[PDB]
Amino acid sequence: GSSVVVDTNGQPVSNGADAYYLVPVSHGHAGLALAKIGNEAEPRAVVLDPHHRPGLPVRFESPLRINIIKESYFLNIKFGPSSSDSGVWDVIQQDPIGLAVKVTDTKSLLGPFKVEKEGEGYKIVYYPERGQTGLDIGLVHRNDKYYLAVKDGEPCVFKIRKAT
């Protein structure tokens, strides 16, 4: 596929080497964070926290030895440094959210995500089988929180700001 994912400065998004903020295009006041779903333990669900910005930055990782991300690549998305796989995103069936984005500490060679052009920025798309059709990542509201979750047709649209 043609099209290269770019950051808010028009530069290609790097393959794993640099970290980026996912900035909601109409919720710039809100940042990505971790929250619980109800089962105490540690917080492992990804939310948009309206009161704390700019949020936890991400890296986009392909096993391809190219230094940029194209919209057609399957990716891992993760919190933290390159060297660690403690904050790797996966989508987990979980009451009462639905298919929630959650952090895990294991990673497939091909992650399940693509980043695809939508409106004024990008959406995250989940491809559980790594086939032709994927499901948009949107917001689901419960327990006073906004959880990242599969919401096909209702994506959350982000711009990608280099953590620089």
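Sequential numbering from 1, following the sequence displayed. Throughout, rigid core stands for the largest set of C-alpha atoms superposing within 1.5 Å between the two forms.
So if we fit everything on the core, which stretch drifts more in 4 other deposited structures of this protein, 33 to 41 or 117 to 125, C-alphas only? Between 33 to 41 and 117 to 125, greater C-alpha deviation in 4 other deposited structures of this protein belongs to 33 to 41.
Core fit done; bigger CA RMS in 4 other deposited structures of this protein for 147 to 155 or for 20 to 28? Relative to the shown form, the greater RMS C-alpha distance in 4 other deposited structures of this protein belongs to 20 to 28.
Identify the stretch, either 92 to 100 or 34 to 42, whose C-alpha atoms have the larger mean B-factor according to the entry. Mean B over CA atoms: larger for 34 to 42.
Comparing 120 to 128 with 66 to 74, which has the greater mean CA B-factor as deposited? Higher mean C-alpha B-factor in the PDB entry: 120 to 128.
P112, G134, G138, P54, ranked by C-alpha B-factor: the highest one: The listed residue with the largest C-alpha B-factor is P54.
C-alpha B factor of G10, ranked within the chain: lowest, middle or highest third? It belongs to the middle third of the chain when residues are ordered by C-alpha B-factor.
When the modelled residues of the chain are sorted by Cα temperature factor, does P155 land in the lowest, middle or highest third? As the PDB entry reports it, the C-alpha B-factor of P155 lands in the middle third of its chain.
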